[PDB]
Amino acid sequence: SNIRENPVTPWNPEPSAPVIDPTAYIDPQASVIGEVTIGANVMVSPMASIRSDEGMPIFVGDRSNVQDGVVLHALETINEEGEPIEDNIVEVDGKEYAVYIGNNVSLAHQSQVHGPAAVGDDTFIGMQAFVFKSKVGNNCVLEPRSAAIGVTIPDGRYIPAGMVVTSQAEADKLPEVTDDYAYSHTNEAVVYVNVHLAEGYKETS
């Protein structure tokens, strides 16, 4: 099966299986392993790998999409001695996650979000982009081939294509999404399409 439990390890005494909303579509050629929660109307495309086998949950919110070849994974959140590694855990609305993906988020083809990381609602993570040890705000756009490592990206900012942002001083001065910006409406269109694709693919299974 392509939806599987995680294994017993010294930081994982009890295997967990994914919790998947009945309205989500998981492609047969995707892989979803371990302590993962997937929300309503989510589309998970071929060759995506969502792997939660190092402690703590990976959460994917409602009406989000995980496109072809995307990888979600996380650094260890609990060491062998049972002690939580707080640097590798993100907090969102009072709860702890290894990776938190909000609602109406698009993770476009071949992107990767590696824990610890959080991605806020209505954000487009572009093709081949990379997020690691970062919190990306709501209503952001990461253009194709951009990256955020070790930073907080404020709400409503974008990262231009190819830019690798590794310092908070850079992140603070990123440009703002405006109506005339080329990707200002991209995420809403992609979410609309993917919610409809999920329903159509479900009707073929």
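Here the rigid core means the biggest group of C-alpha atoms that line up within 1.5 Å when the two forms are laid on top of each other. Note that residue numbering begins at 1 and tracks the sequence as displayed.
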{"item": "Stretch with larger C-alpha RMS deviation in 5 other deposited structures of this protein, core superposed, 112-120 versus 73-81", "value": "73-81"}
{"item": "Between stretches 53-61 and 26-34, more displaced by Cα RMS in 5 other deposited structures of this protein (rigid core superposition)", "value": "53-61"}
{"item": "Residue range whose averaged C-alpha B-factor is higher in the record, 34-42 or 148-156", "value": "148-156"}
{"item": "Stretch with the higher entry mean CA B-factor, where the candidates are 172-180 and 46-54", "value": "172-180"}
{"item": "Given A118, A74, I85, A129, the residue at which the Cα B factor reaches its maximum", "value": "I85"}
{"item": "Options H109, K135, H114, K95 - largest CA temperature factor per the record", "value": "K95"}
{"item": "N12, C-alpha B-factor rank within chain (lowest, middle or highest third)", "value": "highest"}
{"item": "CA B-factor placement of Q29, once the chain's modelled residues are sorted into thirds", "value": "lowest"}
{"item": "Third of the chain, ranked by Cα B-factor, where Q67 sits", "value": "lowest"}
